[PDB]
Amino acid sequence: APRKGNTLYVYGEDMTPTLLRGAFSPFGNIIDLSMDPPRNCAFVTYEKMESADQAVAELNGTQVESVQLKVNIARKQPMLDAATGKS
Numbered sequence: 035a036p037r038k039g040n041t042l043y044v045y046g047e048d049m050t051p052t053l054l055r056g057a058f059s060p061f062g063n064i065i066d067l068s069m070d071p072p073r074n075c076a077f078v079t080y081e082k083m084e085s086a087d088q089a090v091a092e093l094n095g096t097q098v099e100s101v102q103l104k105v106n107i108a109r110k111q112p113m114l115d116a117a118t119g120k121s
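First residue of the sequence shown? That's 35 in the deposited numbering, and the numbers climb one at a time after it.
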């Protein structure tokens, strides 16, 4: 698949774009990162499903200075359902 984008669900408080980009920057490259201020949840798209596995698995179960970040799976980004794999 020449195109990909695994959107990830991120939940937390007082979260910023640059901060989230750093939490998913090293995990992999993001093709589309969206933030939701009304639900306090940010969405991160990864070019490979593995980038979301390390970020969602490493980010999930982590606490900040005084906050917690929960990662889940989003059903958005259907243009390529994230990517391809055994599923």
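Every residue gets a Cβ at the ideal spot worked out from N, C-alpha and C, and that includes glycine.
Assuming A108 and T50 are in contact, meaning their beta carbons sit under 8 Å apart, how far apart are those beta carbons, in whole angstroms?
Taking a contact as a CB-CB distance under 8 Å, the pair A108 and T50 does not count as one, their CB atoms being some 19 Å apart.
Might you give, ordered along the chain, the residues of its own chain that have their beta carbon closer than 7 Å to the beta carbon of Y43, omitting 5 neighbours on each side?
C75, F77, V105, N106, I107 and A108
Count the other CB atoms within 10 Å of the CB of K38; is the residue buried (16 or more) or exposed (fewer)?
buried
Under DSSP, the beta strand (DSSP E) around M69 begins and ends at which residues?
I64 to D70
Out of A35, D48 and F61, which one is the CA nearest neighbour of residue 127?
Because the chain is modelled from 35 through 121, residue 127 falls outside the range shown and cannot be assessed.
Given a cut-off of 8 Å, decide if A57 and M83 are closer than it, judged by their beta-carbon atoms.
With respect to the 8 Å criterion, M83 and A57 are not classified as neighbours on the basis of their beta carbons.
Determine the closest residue to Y80 out of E99, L103 and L54, with distance taken between C-alpha atoms.
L54
In angstroms with no decimal places, state the Cα-to-Cα distance between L114 and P36.
10 Å
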